[PDB]
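In structure tokens, one chain follows: the form solved without 4-methylbenzoic acid.
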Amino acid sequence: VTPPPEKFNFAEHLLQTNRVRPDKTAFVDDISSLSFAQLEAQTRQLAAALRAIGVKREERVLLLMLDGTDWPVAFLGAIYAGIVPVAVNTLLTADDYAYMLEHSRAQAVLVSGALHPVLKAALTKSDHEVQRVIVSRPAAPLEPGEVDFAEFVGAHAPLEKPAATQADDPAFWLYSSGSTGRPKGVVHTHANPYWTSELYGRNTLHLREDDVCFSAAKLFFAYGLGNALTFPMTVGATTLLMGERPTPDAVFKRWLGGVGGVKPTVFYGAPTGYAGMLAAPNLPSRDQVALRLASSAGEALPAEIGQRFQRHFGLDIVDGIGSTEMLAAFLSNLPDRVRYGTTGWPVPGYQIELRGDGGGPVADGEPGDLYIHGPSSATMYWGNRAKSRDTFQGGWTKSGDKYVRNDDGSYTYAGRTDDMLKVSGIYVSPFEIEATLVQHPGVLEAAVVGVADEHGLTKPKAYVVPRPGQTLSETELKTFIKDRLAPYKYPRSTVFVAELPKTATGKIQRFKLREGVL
């Protein structure tokens, strides 16, 4: 792959790529569609609209939007103007967004109507710098200083030229959370999604123009941003977008061609979703679907899930591991080379190292800390030099995973170095769940560990010491955490215990709980 030119605007790059196909559908959702021509027009009008309200090159805007045809307009329109969109999870709390508004110094917000109430709460409580709120598909009356997204776009003539950015300039941020502390602002450059889209989307998955791409992973996830925006636009594929939660039935409806007149040929999701679909009584037969490629990321794919999918559909699931920091997969199985129980082989263009307790080589078959040297690495965590130093060191990026290299050069996941769990393919901190549990008045102590379920998928498990003299049932605890935590964070079971194993010092010996001591 040839490097991008040093003068490079990623949005203009994707627009230019598709000037050969102006009338092909770029994006389609339940209620709307954009050809590549329409996408370019709306992208450049939104770029002008943001400039017209005073947002300047290198300033940030918060992009808080459900998947839908407005999402790539917002993302690419900001980037075309040299404005940095901060693309964020749509399932967070008002306090999370308040932090992100202050930390990013966002100058405007592009928000789905369904998400306006949580954004409103975030605005009210924070010391933010938001000059304008642009609401895509409002679900309630607008306030002054608020404008409808379609009117905002339609009220401004398209920007005549993109900002004269360099390839290594920041282009967008994503946020990623560790086991403690605030979400970290992961800074990606214009070059980084070129590298992922060429090295992985094109050269590994072999996506092509006649594909129809559909990702259960939403666009704010690094994984979904490639799957359903940067990869398909790089090759001219058509992309199906879906705002609603990706239940098996919602996914099947689209596989069967229920939206946009198109049947997806490429699907992407997490192993948990593949397990849920395989368990579904109305799982489609392979003659009903047009899938030619099934991608997975976000947690290790249990071998039996892949084998069951392959037996049913005659298609493998192609498991690869990326991260927010590396943007897309750096280890992956191939469409025609799949070893279940492993994450496959290094993606060409990426160098992989396993390092031991002194930073040196580990022997084959032995676990080591995974480090990645590749051209798509984020540059830093914005405003956090200490965590940046720990992670981005001289061309290498520390993943926080442990891996084992097998004799065929494949890599087998061996756990984390930082207590984080990957549940439904999404990062969950056990410490957050514990801190929620101990706020119930009947809970004295709580410890949360990851346990593999009947399909080998890790779910949280809570061990709770009740306060003596209080009655506390499993159902009341379930009720307590229902609206306090997002559903993927729910402990799969709770065990009430009389005490927790602690060192002579008071630290919970969580390994004894994973070993089943209680």
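Start at 1 with the first residue shown and count on from there.
The PDB entry reports B-factors from which the mean C-alpha value can be compared for 389-397 and 200-208; the larger average falls on 389-397. Of the two segments, 337-345 and 149-157, the one listed with the higher mean B-factor is 149-157 (C-alpha atoms only).
Ranking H103, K253, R405, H188 by the C-alpha B-factor listed in the PDB entry places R405 at the top. The entry lists C-alpha B-factors for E40, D30, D453, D67, and the highest of these is at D453. Remark: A11 belongs to the lowest third of its chain, ranked by C-alpha B-factor as recorded.
Ranked by Cα temperature factor within the chain, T239 sits in the lowest third according to the deposited record. Sorting the modelled residues of the chain by their CA temperature factor places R492 in the highest third. Sorting the modelled residues of the chain by their CA temperature factor places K459 in the middle third. Sort the modelled residues of the chain by CA B factor and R137 lands in the middle third.
What follows is about the form deposited with 4-methylbenzoic acid bound, which we do not show.
Among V84, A217, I317, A237, the residue placing a heavy atom within 4.5 Å of 4-methylbenzoic acid in the deposited complex is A217. When 4-methylbenzoic acid is considered in the deposited complex, only one residue from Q166, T90, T247, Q131 comes within 4.5 Å through any heavy atom, namely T247.
The shortest heavy atom separation between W173 and 4-methylbenzoic acid in the deposited complex exceeds 4.5 Å. Contact annotation: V212 falls outside 4.5 Å of 4-methylbenzoic acid in the deposited complex, judged by heavy atom distances. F75 falls outside the set of residues with a heavy atom inside 4.5 Å of 4-methylbenzoic acid in the deposited complex. Though the partner is left out of this view, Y80 does not reach within 4.5 Å of 4-methylbenzoic acid in the deposited complex, counting heavy atoms only. Contact annotation: 4-methylbenzoic acid lies within 4.5 Å of heavy atoms from the stretch 247-255 in the deposited complex, the single such stretch among 354-362, 119-127, 247-255, 147-155.
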